[PDB]
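[1] Need coordinates for the following:
(11 chains)
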Amino acid sequence: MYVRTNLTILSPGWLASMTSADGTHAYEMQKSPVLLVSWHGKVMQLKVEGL
Amino acid sequence: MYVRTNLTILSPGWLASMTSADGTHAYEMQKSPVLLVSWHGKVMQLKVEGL
Amino acid sequence: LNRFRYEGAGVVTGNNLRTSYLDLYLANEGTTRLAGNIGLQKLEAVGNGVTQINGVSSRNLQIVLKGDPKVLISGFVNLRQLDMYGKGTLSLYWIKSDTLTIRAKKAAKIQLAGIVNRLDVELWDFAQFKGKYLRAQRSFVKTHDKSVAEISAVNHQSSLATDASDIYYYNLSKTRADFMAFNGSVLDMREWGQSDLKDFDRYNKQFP
Amino acid sequence: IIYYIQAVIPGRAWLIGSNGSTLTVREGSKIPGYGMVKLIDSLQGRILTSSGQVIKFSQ
Amino acid sequence: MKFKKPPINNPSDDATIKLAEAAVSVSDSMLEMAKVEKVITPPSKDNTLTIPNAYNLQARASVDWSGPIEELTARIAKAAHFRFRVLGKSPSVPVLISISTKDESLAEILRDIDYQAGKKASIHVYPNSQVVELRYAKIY
Amino acid sequence: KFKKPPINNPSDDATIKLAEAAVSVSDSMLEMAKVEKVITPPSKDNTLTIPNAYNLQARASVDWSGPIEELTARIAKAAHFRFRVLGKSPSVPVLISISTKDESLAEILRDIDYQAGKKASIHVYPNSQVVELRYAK
Amino acid sequence: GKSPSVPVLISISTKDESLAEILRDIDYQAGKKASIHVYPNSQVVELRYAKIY
Amino acid sequence: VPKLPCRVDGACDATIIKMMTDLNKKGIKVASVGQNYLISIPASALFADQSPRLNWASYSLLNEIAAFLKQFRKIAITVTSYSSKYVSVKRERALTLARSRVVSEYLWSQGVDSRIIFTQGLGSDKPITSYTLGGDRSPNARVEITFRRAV
Amino acid sequence: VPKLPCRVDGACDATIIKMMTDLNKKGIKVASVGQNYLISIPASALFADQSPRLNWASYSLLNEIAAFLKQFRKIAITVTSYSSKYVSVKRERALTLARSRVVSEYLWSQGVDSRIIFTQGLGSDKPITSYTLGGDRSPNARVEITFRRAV
Amino acid sequence: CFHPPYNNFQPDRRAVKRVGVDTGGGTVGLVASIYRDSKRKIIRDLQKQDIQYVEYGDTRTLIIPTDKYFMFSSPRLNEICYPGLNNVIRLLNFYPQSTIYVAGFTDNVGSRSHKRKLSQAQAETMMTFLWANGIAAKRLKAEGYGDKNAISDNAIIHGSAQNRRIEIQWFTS
Amino acid sequence: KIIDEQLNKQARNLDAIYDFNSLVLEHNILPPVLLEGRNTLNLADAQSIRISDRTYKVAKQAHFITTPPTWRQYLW
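    Numbers count the residues shown, from 1 in each chain, chains lettered A, B, ... in the order given. The relevant structure is shown in the block below.
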């Protein structure tokens, strides 16, 4: 799984991460159905299908 | 048969025993449908199903 | 050397007196300066006088006044009780006592300083009492309408105000308890700039 | 030997040592173990001596 | 005449009961390890010399935050009307702080933030210049 | 007239036990952290002071990564200060990275010395209008 | 001492005697693996396991 | 979309407008400009005379405005209080600080969602009216709640 | 599960409630706190004047006592006997000890599923009433039965 | 006419409102008042609340559940139990000579020093509340104990809810 | 479904008690796993009894992470 956001990722444990000048985050990680994200001091869940 | 409790076992004679820091016991013994334990100086029987 | 009474515009100034106990009665402008190491228990002032006593070495005292004298006393004693029903003003240097019971009714301005284990304060009206520079383990305060109280309890603080009255706790004790009935006010009134001021804890937190 | 405050008037302070020895101190005097008292702050529980020590209350 | 006993709660849940019966033992183990680490550790100083309080720092807050550090301390500084300062290079792995408190003052909020930072991050303050200065630690 | 209780009140004994257990373990972890953390005294904490020269109060935006040498030199040129370096540049150059939009050159140099740490130091002389870099052997 | 991993088991079913005789019967049925002492002025009841193995 | 909510949790903008209208006819200042929001309440409907004792009937109105603040989505809220000049500066500052602390604590006890509640008080530092002849009846004695709307 | 027991043998909390109400109507005091229960009986209903001996009618009362006492899984029963100040310390201590021994032996004779009986007497060292006019009619002269309910 | 926050610590009037709403028969109103303020009626109201009353010998004790009558982990008393607290003061008006002991206990879990501190704070809060209702301080003594004598087992959940409590004892002479 | 609702009903206190993040070592290292044991007795056969007082065993060796774990992947 390759993912781009500007948030903080929590759940699976990623393998590689990159950050832009503007704080945009990119991660290479394993396949997973769901994600855990700290957004603004709040805990959130993300749903990903199509695996 | 692997059993975990905090009581005391009497009848069959276990092959091995371990005690926790708090005093919980774990016993290694043979297969038996019944057991005989002691609670507070009072004897009791015990039933094991699904052998 | 045990009896002292003066009335009618009397000015006495003296020092270097040693005694165990003497009883003082004063009236009508007794300008009394006494700067000896004087131990005593019973003093009475009728009203309209000024008295400075510098040096008190005694271990019991019980004074109650009726008019408006003005007294400044240096030394220490185990004060037991105090009642005021007039125009009382009082200032005292040091007290290392056990239990105190203070009652003020009509008009009072009291400044006290020392170490008390346990004290009870009843203020009715027009009473400004200071517990600044005076520390207690058990504090009990009952304040009625138009009363002003300062409390510096160390261990345990207990206070109720009825209405239109001000209570200021100059130190956070280990235990706090306050109540307001109609318009009573209980407030910290601290500098907010002390470099080593402690904060609240789990136990000390009360929300008015 | 250490000391702690009991009650502070403007001008004089009450001290108790580690041995229970009492003291009443003016603005300017001499105290062994601390030197010369340089300022009596009665607004807060701090007094500064010549040696550079500040007396607080024990807890 | 009808007999009662005081604590009348709502009907409970077995799952909550089992979680509690794990939690008591966890708390006991954490307590005893804390006391033995306390007695084997000779403490030296507290963080008051590193960060004191000041006037206008007496404003208080209550928080429940479970994320990174930077946005939280930025909100703290903007409440403080203090100028921000950041020192050190940002780590790849984010420093994650979670505080769920109840009505504490700004100074001790920042003080226990600096305590829960650990070795990764540190906080200094300067009231004479009204400067809040965070510093990452140069490891590796 | 009316007032509700708090909505997530522990109105069950298990919930009560959970909440107090959480309180206890968080307090114990706070105690462990407080006895764990090593701090520095503010008397002799080694960091760059503020030299507060009048030309040192300018503001800029700088993004840069790499060796400290020409960065410090061009900063000194922007500050009209003479620049000198005592010590040896090793085989590996000391590399930092600054990405800032608006802060002054004084705290820029302060962070430069902070990321330098043990390897090198920056000293400012406003009497003889110079800035120098000291290596450590 | 410390309790061995094999437990000590005691069966007592008596009726209405003093605690001194109760404890004497207890240590008698304990035998050679444990013993009972009482310090009366110290008001302490103590058992000791066998220092064996 | 069966598994995705079309709106935020139990909300109705018609109810938002209606409760804003009811508060404005009640006498509570409602301010909406940009995407930031401000609410001002006079203290004479809140406390006693120069005193942080809470009126029992005011708990209903506090519950209602707490429900309104629960109806929005936000991150951080500043709550402050101002008053007249009575004895000192510190007395007024401490009174406003205590009042803000109490109302913030009750608000957190209520089910509003937020991460940050900021408490401070000033008393009579920042006036709002040249006319200051009233006491606690004067409208410059007030409580303000300010926030910025999330997203 | 029909093979397994459903409740304890001979157990009905309604019957427990009924006999408890009857006993408190009789005047024998039944106290319940936590899991430790107390039963207080005045000595005048059981023994004669200064007597280590019972009338025949007491056996029905003790029989119903044992009937209630079957209804709990417990371990230890403690029975204290207290008397009135009559002659000495020796007579009161001996009489209280004898009364406790007699009621303990009859209790063990009844089939209460117990593990241990602890009996003691104190005479008149700790009363519970300052009004000490009566002799064996005194209320503090009594027998107290304490136990802890176990699971 | 009444105020739920302790009526500004004033000696409450109920009989005048009773006789007013019953005259709006006065004799039936006053016999209903003496039936409604009687001591057994007071104990029945305390039984309707979750308060335990024990009267044995010359001593009398009251048992209060802290979880029912307090905010969690706080010295702050809950205010919704004001009918119970007013009935407590109404019953306590009947013993104007006896000294009062008040003590508090908790469960086992936590620091021993911390739970002792919390019990001390709870007991001092309760004794301050009753001191504010016009009782002399010479008749009082407060104590926050730990868990050194529990009326219930701590390891069972319902017993752990039971054992944390506030006890109030009084003598008679 | 019921137990998932009741589990997530008290989400914050679970993170309060299971602070993995404070337990993470200083170099982004998960600390290893240790198991204790007391009063070991073994009866292998006749004429053979082996006892020990205490013992300790490593379960999982220490390794890296990017994020500390939570209760969800163990408990949801």
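
[2] Now for the residue in chain D that chain G sits nearest to, how many residues are close by?
    Taking Cβ to the nearest Cβ, chain G has its nearest neighbour within chain D at residue D:20, 34.7 Å off. For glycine as for every other residue, the C-beta is placed from the backbone atoms N, C-alpha and C. The number of residues packed near residue D:20 is 6, by other Cβ atoms under 10 Å in any protein chain shown.

[3] can you check residue E:129 too?
    When neighbours are counted by other Cβ under 10 Å, residue E:129 registers 11.

[4] name the element it belongs to?
    Remark: residue E:129 resides in no helix or strand, with elements defined by DSSP states H and E.

[5] hey, what's the spatially most central residue of chain A bridged with?
    Closest residue to the average C-alpha location of chain A: residue A:9 at 3.9 Å, with Cα atoms, centre = their mean. Residues in a beta bridge with residue A:9, per DSSP bridges, are residue A:37.

[6] what's it in contact with, if anything?
    A:3, A:25, A:27, A:29, A:35, A:36, A:37, K:67 (Cβ atoms under 8 Å, 6 or more residues apart in numbering or on different chains).

[7] Show me what residue C:25 is bridged to.
    Beta-bridge partners recorded for residue C:25 (DSSP bridges): residue C:5, residue C:44.

[8] what residues are up against it?
    Counting by Cβ under 8 Å, 6+ apart, residue C:25 makes contact with C:4, C:5, C:6, C:7, C:44.

[9] which residues does the residue nearest to residue J:10 when sequence neighbours are not counted contact?
    Closest residue to residue J:10 apart from its sequence neighbours, by Cβ to Cβ, 6 or more residues apart in numbering or on different chains: residue C:181 at 7.9 Å. Residues near residue C:181 by Cβ under 8 Å, 6+ apart: C:160, C:161, C:162, C:163, J:6, J:8, J:9, J:10.

[10] Same check on residue C:121?
    Taking Cβ under 8 Å, 6+ apart, one finds C:102, C:129, C:139, C:140, C:141, C:142, C:143, C:149 in contact with residue C:121.

[11] can you do 6 Å?
    Contact analysis of residue C:121 by Cβ atoms under 6 Å, 6 or more residues apart in numbering or on different chains lists C:102, C:141.

[12] For it, pull up the helix or strand it's in.
    For residue C:121, the element it lies in under DSSP H and E is strand C:114-123.

[13] Name the residues of that strand that come out as buried.
    Within strand C:114-123, the residues scored as buried using 16 or more other Cβ atoms under 10 Å in any protein chain shown are C:114, C:115, C:116, C:118, C:119, C:120, C:121, C:122, C:123.

[14] try stretch C:52-63
    C:53, C:54, C:55, C:56, C:58, C:61, C:63.

[15] Check stretch D:47-59 too.
    Going by neighbour count (16+ other Cβ under 10 Å), the buried part of stretch D:47-59 is D:47, D:49, D:55.

[16] can I get those in JSON lines with distance to chain B and secondary structure?
    Output for these, formatted as JSON lines (distance: Cβ to the nearest Cβ, whole Å; DSSP: H, G, I helix; E, B strand; the rest coil):
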{"residue": "D:47", "distance to chain B": "52", "secondary structure": "strand"}
{"residue": "D:49", "distance to chain B": "53", "secondary structure": "strand"}
{"residue": "D:55", "distance to chain B": "47", "secondary structure": "coil"}
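
[17] Identify, from those residues, the entry nearest to chain E.
    residue D:55 (17.7 Å).

[18] Sitting in strands, which of the contacts of residue C:181 do you find?
    C:160, C:161 (DSSP state E).

[19] Which of the contacts of residue C:181 ranks first by neighbour count?
    When neighbours are counted by other Cβ under 10 Å, residue C:161 leads the contacts of residue C:181 with 27 neighbours.

[20] returning to that earlier point: which element is encountered next along the chain beyond the strand holding residue C:121?
    Per DSSP H and E, the first helix or strand lying C-terminal to strand C:114-123 is strand C:127-130.

[21] Would you mind listing the buried residues in whichever helix or strand comes after that following strand?
    Next along the chain after strand C:127-130, taking DSSP H and E as the criterion, comes strand C:134-143. Buried residues in strand C:134-143, counted by 16+ other Cβ under 10 Å: C:134, C:135, C:136, C:137, C:138, C:139, C:140, C:141, C:142, C:143.

[22] is chain H contacted by the next helix or strand after strand C:134-143?
    Sequence order places strand C:147-151 as the next helix or strand after strand C:134-143, per DSSP H and E. No: using Cβ under 6 Å from any Cβ of the partner chain, strand C:147-151 stays clear of chain H, coming no nearer than 10.0 Å.

[23] Okay, now the sheet partners of strand C:147-151, with direction.
    strand C:127-130 (parallel), strand C:166-169 (parallel).

[24] a markdown table please, covering those and showing mean neighbour count and distance to residue F:12.
    Listed next are these as a markdown table, based on neighbours: other Cβ atoms under 10 Å in any protein chain shown; distance: least, Cβ to Cβ, whole Å:
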| stretch | mean neighbour count | distance to residue F:12 |
| --- | --- | --- |
| strand C:127-130 | 21 | 48 |
| strand C:166-169 | 22 | 37 |
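
[25] The closest residue to chain B within chain D sits in which helix or strand?
    Closest approach of chain D to chain B (Cβ to the nearest Cβ) occurs at residue D:59, with a separation of 35.4 Å. Element membership for residue D:59, per DSSP H and E: none, as it lies in no helix or strand.

[26] which residue packs closest to residue E:126, ignoring adjacent ones?
    Residue E:126 sits nearest to residue E:133 (Cβ to Cβ, 6+ apart), 7.0 Å away.

[27] So the one you found is in contact with residue E:125, correct?
    No: with contacts counted by Cβ atoms under 6 Å, residue E:133 stays clear of residue E:125, the gap being 7.2 Å.

[28] Tell me the spacing between the residue in chain A sticking out farthest from the centre and chain J.
    Here chain A reaches farthest from its C-alpha mean at residue A:21, the gap being 17.8 Å by Cα atoms, centre = their mean. As judged by Cβ to the nearest Cβ, to the nearest Å, residue A:21 and chain J stand 47 Å apart.

[29] and that residue, what helix or strand is that in?
    Taking DSSP H and E as the definition, one finds residue A:21 inside no helix or strand.

[30] Good, wrapping up.
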